[PDB]
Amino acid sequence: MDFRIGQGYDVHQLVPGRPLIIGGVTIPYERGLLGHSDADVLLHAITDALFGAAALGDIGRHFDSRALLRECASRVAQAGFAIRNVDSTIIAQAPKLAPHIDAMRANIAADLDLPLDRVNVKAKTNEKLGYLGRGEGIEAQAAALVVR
């Protein structure tokens, strides 16, 4: 089978008092992510992993973040690929993300037209290390498997 893998990375600064939107979920918090778009680091990492798996370049080259993810999926399908699964990790010292993971997974699954059982989102802190551990930013990592 013509399987392909992709990987994505994104990070943004946390600044006052933008909305904190991750995986399409607005999370109550005193700061939010800084970017030209809504700065949804998780959706950006996933988008990059998908463009990467399909050898379609990157988010910079191509481009709210859910609309961008739906367009990415469209472009991946246009190239003849089907998405098999996505896995991801968010690294944030605060706030607590566990209560929001299920809604993120639902949003992603809806945007990629996947069943829930093919989408995973994990949450981590950075153990108080570095800019992530000081709460200066939030990072996301993603992996995607597609097939032509």
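In case it trips you up, residue 1 is the first one in the sequence shown, and so on.
Relative to its counterpart among 81 to 89 and 22 to 30, 22 to 30 has the higher mean temperature factor, C-alpha atoms as listed in the PDB entry.
Just going by the entry, 35 to 43 versus 117 to 125 on mean CA temperature factor gives the higher value to 35 to 43. Taking only the listed residues 97, 112, 53, 104, the entry reports the highest CA temperature factor at 97. Looking at the C-alpha B-factors along this chain, the one for residue 67 belongs to the highest third. Annotation for residue 14: CA B-factor lies in the middle third of the chain's modelled residues.
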